[PDB]
């Protein structure tokens, strides 16, 4: 009964933040707008470079996809790692984060979707920081069930049946979701729209495929508003159920191509 995903004793309030993808400036703006105070620490290095506090004792929940695409990936990492360490944040992993971990561990993965930017930015940092990043990503839990089971956070979402489960299949769902088993017009796999079929008790806040505006469906909401693509970085305030966002300062990266159909 003792899984890592159980944080039911954590009641918040929480500010839940979608995919950052290296957008440090917007992250800093959003945290400040939420009332967090960010101190650039004197002499501070790596995960000790920053210290974040909140006078109302609010906590941040990051939905992952911290790395790739954007201009300030190592600063995002330093900030988020420090927050998790000081206890003001938790983080669940995105697909990009885990793929980065596999690459740093020695797997010869495809350099795509912004990973080149992470690698070239990481290259400018010392080695002990690189090991800190590996340790950080390796310890990320697939999802968290929080606040007496009233809230679930996961990167790609978490359908009811899998909530609170620690199996390998549940971790894959958190990272990637699942496919429907059938193919599309190109004979390719199709993503399963789990949120449409969701009837679970917990509100699920997640950040899967990027959207122009938050996508609320049944007791679920996707808050990846595509900051790095020139959209915005969104926080969802819990239990207030309020949306707070910061517009991207620039278009840092081009979004996926779109089929005509």
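Residue numbers count along the first chain shown, from 1.
Colleague: Mean CA temperature factor from the deposited coordinates, higher in 111-119 or in 146-154?
Modeller: Mean CA B-factor is higher for 111-119.
Colleague: Which has the higher mean CA temperature factor in the PDB entry, 5-13 or 18-26?
Modeller: Taking the mean B-factor of the alpha carbons in each, 5-13 is higher.
Colleague: Among 197, 32, 65, 224, which carries the highest Cα B-factor?
Modeller: Answer, based on the entry's C-alpha B-factors: 197.
Colleague: So among 214, 235, 205, 45, who wins on Cα B-factor in the entry?
Modeller: If I rank 214, 235, 205, 45 by C-alpha B-factor, first place goes to 45.
Colleague: Sort the modelled residues of this chain by their C-alpha B factor and say whether residue 188 lands in the lowest, middle or highest third.
Modeller: CA B-factor rank for residue 188: highest third.
Colleague: Please place residue 174 in the lowest, middle or highest third of its chain by C-alpha B factor as given in the entry.
Modeller: Ranked within chain, residue 174 CA B lands in the lowest tercile.
Colleague: Could you place residue 97 in the lowest, middle or highest third of its chain by Cα temperature factor, using the values in the record?
Modeller: Its C-alpha B-factor belongs to the lowest third of this chain's values.
Colleague: Should residue 51 be placed in the lowest, middle or highest third of its chain by the C-alpha B factor in the entry?
Modeller: Its C-alpha B-factor belongs to the middle third of this chain's values.
Colleague: Using the temperature factors of the C-alpha atoms in this entry, rank residue 91 within its chain: lowest, middle or highest third.
Modeller: As the PDB entry reports it, the C-alpha B-factor of residue 91 lands in the lowest third of its chain.
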